[PDB]
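Chemist: structure, please.
(8 chains)
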Amino acid sequence: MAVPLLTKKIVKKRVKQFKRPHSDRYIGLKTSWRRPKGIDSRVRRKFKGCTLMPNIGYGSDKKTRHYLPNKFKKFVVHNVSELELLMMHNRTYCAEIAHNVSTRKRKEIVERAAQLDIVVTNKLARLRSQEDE
Amino acid sequence: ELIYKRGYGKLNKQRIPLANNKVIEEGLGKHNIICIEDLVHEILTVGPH
Amino acid sequence: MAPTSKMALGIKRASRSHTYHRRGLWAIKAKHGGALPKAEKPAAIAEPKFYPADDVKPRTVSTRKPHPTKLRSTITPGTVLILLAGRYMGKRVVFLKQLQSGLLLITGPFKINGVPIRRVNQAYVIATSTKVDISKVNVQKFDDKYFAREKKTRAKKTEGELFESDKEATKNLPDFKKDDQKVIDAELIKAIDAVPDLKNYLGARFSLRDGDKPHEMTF
Amino acid sequence: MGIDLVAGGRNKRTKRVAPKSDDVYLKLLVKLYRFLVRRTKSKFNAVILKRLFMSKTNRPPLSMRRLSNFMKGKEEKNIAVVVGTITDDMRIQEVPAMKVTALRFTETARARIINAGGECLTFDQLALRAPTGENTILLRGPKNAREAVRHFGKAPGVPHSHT
Amino acid sequence: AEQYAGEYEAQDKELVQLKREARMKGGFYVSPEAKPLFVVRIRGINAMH
RNA sequence: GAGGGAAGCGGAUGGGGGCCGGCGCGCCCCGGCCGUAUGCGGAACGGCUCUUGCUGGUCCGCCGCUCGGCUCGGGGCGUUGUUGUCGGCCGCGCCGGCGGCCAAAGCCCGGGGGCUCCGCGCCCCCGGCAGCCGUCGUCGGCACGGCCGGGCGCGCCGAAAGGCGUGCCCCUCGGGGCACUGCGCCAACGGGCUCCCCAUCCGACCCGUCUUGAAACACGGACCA
RNA sequence: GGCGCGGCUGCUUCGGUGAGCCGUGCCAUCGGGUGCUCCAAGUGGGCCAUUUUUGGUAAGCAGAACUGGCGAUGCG
RNA sequence: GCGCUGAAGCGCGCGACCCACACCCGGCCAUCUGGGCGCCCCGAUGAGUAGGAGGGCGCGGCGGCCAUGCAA
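Modeler: Residues are numbered from 1 along each chain as shown, chains lettered A, B, ... in the order given. What follows is the structure:
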């Protein structure tokens, strides 16, 4: 079930990557996607090789939606308190420590998480506060 | 070997089809017996309703 | 359609017989379905899980159906396999793997000093008289305990059993070497002699186990 | 595919929980009906539900007069279902009894009906004690009445001929 | 369907031979056919009224 | 990344290289700790009643009296990728039967006619009869591939598949169909992305606008914040 | 929709008739392609093809009719 | 385009093949059929400029709630 659903968004994609058209030939003209607006537009004509436009059908399977490729659901954790909920999940969820949370704060969360048995992103990021290879 | 292949369901639901179960036991009918084998004769014999 | 008509024509018929043997014993299999079974400590959680039992039993049966059948199309025994040619007697190998048909892995033991193993598109294999229930799958390459010698003495007994048939049968001995040379392979003639097995198969079954798990391999 | 089937995508979609019901107490009432409706005999409560979602063009004042001639003892003082509200506008010495059920009443209408007979009931107490919703009269509109159909714009709007 | 044809052999005897070997076709009697239909739409909705 | 011989809206699509972040269960013995039932002693609760009352909590403090368990470790034992398959769906080629054209090409046998009147040879018709034909319809038998996914048991023998309860009936041969409780629910083995190049297409720029029609030899922009 | 019973009426001799009306009883090949209300839009300058045209030598002309498409429709 | 000629022209028949996003089939996104417990499920149709109607993302300062900060 889940394994197959995770694989159906992640190994297929869709990675066309929807870049704004001809973003490359002016630098300033930004990468962020804009709908090809005007009639002649080849992309607008919704041709193949023209890079697909965004539409609802493009969408991922719900069962696979907002998951990390690991297939854990990420939960943003500001502090220790969020940890309780995360601990309940444990298997289901991975915890991601917000960038803001400070180095002095980060330590308590990390140890608590382990005890919680919710090792995920947080470990990586704590070795990332230490230094390191 | 077209009713078997390509038949589909009625209103009071959606369509779920003319597959095994759901023509013997399901399908409406007030005229006669609605079931597959019986219906194919009744339609091409062209009688009452 | 010709196999598939036979299944219909109760429905069940043996499965209408099956109930009966329980009905005959006496009065039963509603009570035993409801009253049973186990439970109650445990730790944690939903207990969403699982297996053994009832589905697994059709999946093994179901998996058994290509298995004769692919041999009826291609003819032979199964594994375990002998060098016909090469050395007059000599030794025994098991088809653990197909890279393909033709590219095959033929096997053995090695735990102290060891023994090779080959992947070949050929060199030297014609089959014997044993069947299992795999086709031609197991592997990486494992075995070991007595078994350079045992597998091998198992070889000698088959090589004697074969060598006599190679005398009676062949066109002669020199292209039994071309047949052994081939090793895709296959269809033409298969079943000569070498009677019976009961040991040969027991030996083959161990060989399959040995090229499986759990020895020498774990850290 | 067909063009028929595209037109089939173009039916309605009437469907609406209204944009807000700021009253929480109405907001819970309007949901209750889809659980209760397919779970009892009550067609009426299922009708009240649409008419307490959608519109103000739909929400009824009913006067005590507009109950009063219209209930008149020949469906013998049943339960009168007023989707929106009662209003206070009559004097006769009003109703012959009566169990009246509505979202809202004015206080004068509340006072005058209960001192004539019966009870001014709230729709939820109605759902509790009349869950079947039978022996009940859906009485009634309006916004459909004389003032204002298309009679809008300035000085209007008219029989019509022109406007 | 065999009996519908079948009276047409059983009474008749003018139908096969003369008929292979000569032209015009016969007097007497004829047996009728029925028959219901199926319709599948081969051509799309582009450029027709 | 690539390069001094092969062509372009500068992307798309496929592939390699370059760069980089991530990395348990069952049992047994030893050590460790604690225990309920019942008597004590303290205490939130509850169904409910709703003045009020009755039965029913749970844990702790901690001794007595039986009789057991847990947990952290140690020691032994057993237990993400690919390929085989069972089920469904669709494709494929080949073989075979029967009925339709009252079946018939047919050939052998037997009889008559014609043409050609130079005779060969050609034709046509009818009965018995090996025979087998091209086509409609239909049924019967097999073997493969692709894609996607993971109804069955509930006593015994039998590796296996399979049969072993009994009544009915057709055939009365081999055999066949038909009838007769509930319940539950697989095998094997050990990465992303950027730029480039080659293939392929969009391709007619884009883009926006004007326009019936824009690549547009229609208009507007050097480039960006 | 049709009939009967009963009241009332009409126009056209103190004259002939039905019709209307009300009241009361009786007897009777499709398949949502769909009604009404409020408020809003670009318009309020087209094109082409097919068929039928009228003008014009004709025209990638002009100007209609009837329709399908382009405009606003990919993909082959 | 190379460019063929008892065809790689032409015509009359014919056999097998190829080839779309069509049609089927598998799995999934909106709306609607509805159904069932704030959530799940069955099947159908489902390009789009002008454009109506509806749900949502982001900016900046304010209030109540709720945090983060010597590494924002």
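Chemist: tell me which stretches of chain A form strands.
Modeler: A:73-77, A:93-97 (DSSP state E).
Chemist: got the buried residues for the last one?
Modeler: Of the residues in strand A:93-97, A:93-97 count as buried by neighbour count, 16 or more other CB atoms under 10 Å in any protein chain shown. No exception for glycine: its C-beta is placed from N, CA and C like everyone else's.
Chemist: and the residue of chain A closest to RNA strand G?
Modeler: residue A:47 (3.0 Å; CB to the nearest atom of the strand).
Chemist: pull the distance from the longest helix anywhere in chain B to the chain's centre.
Modeler: Of all segments of type helix in chain B, defined using DSSP state H, the longest is helix B:36-45. Averaged C-alpha coordinates place helix B:36-45 at 9 Å from its chain's average position (CA atoms, centre = their mean, to the nearest Å).
Chemist: now check that helix, is it near chain E?
Modeler: Yes: Helix B:36-45 comes into contact with chain E (CB under 8 Å from any CB of the partner chain), by way of B:43-44.
Chemist: need the strands of chain A in a markdown table (columns: distance to residue D:133).
Modeler: Shown next, in a markdown table, are the strands of chain A (distance: least, CB to CB, whole Å):
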| stretch | distance to residue D:133 |
| --- | --- |
| strand A:73-77 | 45 |
| strand A:93-97 | 46 |
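Chemist: how about the ones you listed, which one is nearest residue D:41?
Modeler: Judged by CB to CB, the one of the strands of chain A that comes nearest to residue D:41 is strand A:73-77, at 44.0 Å.
Chemist: what's the burial count for residue D:82?
Modeler: 25 (other CB atoms under 10 Å in any protein chain shown).
Chemist: next SSE after the longest helix along chain D?
Modeler: As assigned by DSSP H, the longest helix anywhere in chain D is helix D:24-37. Next along the chain after helix D:24-37, taking DSSP states H and E as the criterion, comes helix D:43-51.
Chemist: packing partners of the next helix or strand after that following helix?
Modeler: Moving toward the C-terminus from helix D:43-51, the next helix or strand (DSSP H and E) is strand D:61-63. Applying 3 or more CB pairs under 8 Å, 6 or more residues apart in numbering or on different chains; DSSP states H and E, we find strand D:61-63 packed against strand D:79-87.
Chemist: just want the angle from the strand it packs on to helix D:43-51.
Modeler: In terms of direction (axes from the mean of the first three to the mean of the last three CA atoms, to 10 degrees), strand D:79-87 departs from helix D:43-51 by 30 degrees.
Chemist: give me the contacts around strand D:79-87.
Modeler: D:44, D:48, D:51-52, D:58-64, D:67, D:71, D:98-106, D:109-110, D:113, D:120-121, D:126, D:130, D:133, D:135-140 (CB atoms under 8 Å, 6 or more residues apart in numbering or on different chains).
Chemist: quick one on the thing from earlier: hey, C-alpha coordinates of the longest helix of chain B in CSV?
Modeler: Output of helix B:36-45 as CSV, limited to C-alpha atoms (Å, rounded to 0.1, in the frame of the first residue of the first chain):
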residue,chain,number,x,y,z
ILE,B,36,-28.2,-12.4,-18.3
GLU,B,37,-29.0,-15.6,-20.1
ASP,B,38,-32.7,-15.2,-19.9
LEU,B,39,-32.6,-11.5,-21.0
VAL,B,40,-30.5,-12.2,-24.1
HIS,B,41,-33.2,-14.7,-25.2
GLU,B,42,-36.1,-12.3,-24.2
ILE,B,43,-34.6,-9.3,-26.0
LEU,B,44,-34.0,-11.1,-29.3
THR,B,45,-37.2,-13.2,-29.1
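Chemist: which positions in it come out as buried?
Modeler: The neighbour-count check on helix B:36-45 (16+ other CB under 10 Å) flags B:36, B:39, B:42 as buried.
Chemist: stretch A:79-92 too?
Modeler: Buried positions in stretch A:79-92, judged by neighbour count with 16+ other CB under 10 Å: A:82-83, A:86-87, A:90.
Chemist: which residue ranges form the helices in chain A?
Modeler: In chain A, the segments counted as helices under DSSP H are A:2-10, A:42-45, A:80-89, A:103-116, A:122-130.
Chemist: picking that back up, quick one: closest of the strands of chain A to residue E:43.
Modeler: Per CB to CB, nearest to residue E:43 of the strands of chain A: strand A:73-77, 52.1 Å.
Chemist: could you name the helices and strands sitting against the closest one?
Modeler: Counting contacts by 3+ CB pairs under 8 Å, 6+ apart, strand A:73-77 is packed against helix A:80-89, strand A:93-97.
Chemist: the same query, at a cut-off of 6 Å, please.
Modeler: Packing contacts for strand A:73-77, counted by 3 or more CB pairs under 6 Å, 6 or more residues apart in numbering or on different chains; DSSP states H and E, involve strand A:93-97.
Chemist: what's the separation between whichever residue of chain A sits closest to RNA strand F and residue A:22?
Modeler: RNA strand F sits closest to residue A:28 of chain A, with a gap of 2.3 Å, by CB to the nearest atom of the strand. Residue A:28 sits 12 Å away from residue A:22, going by CB to CB, to the nearest Å.
Chemist: how about residue D:154?
Modeler: To residue A:22, residue D:154 is 54 Å away according to CB to CB.
Chemist: repeat for residue D:109
Modeler: 70 Å.
Chemist: comparing those two, which residue is more hemmed in?
Modeler: Taking other CB under 10 Å, residue D:109 and residue A:22 do not tie; residue D:109 has more neighbours (24 against 10).
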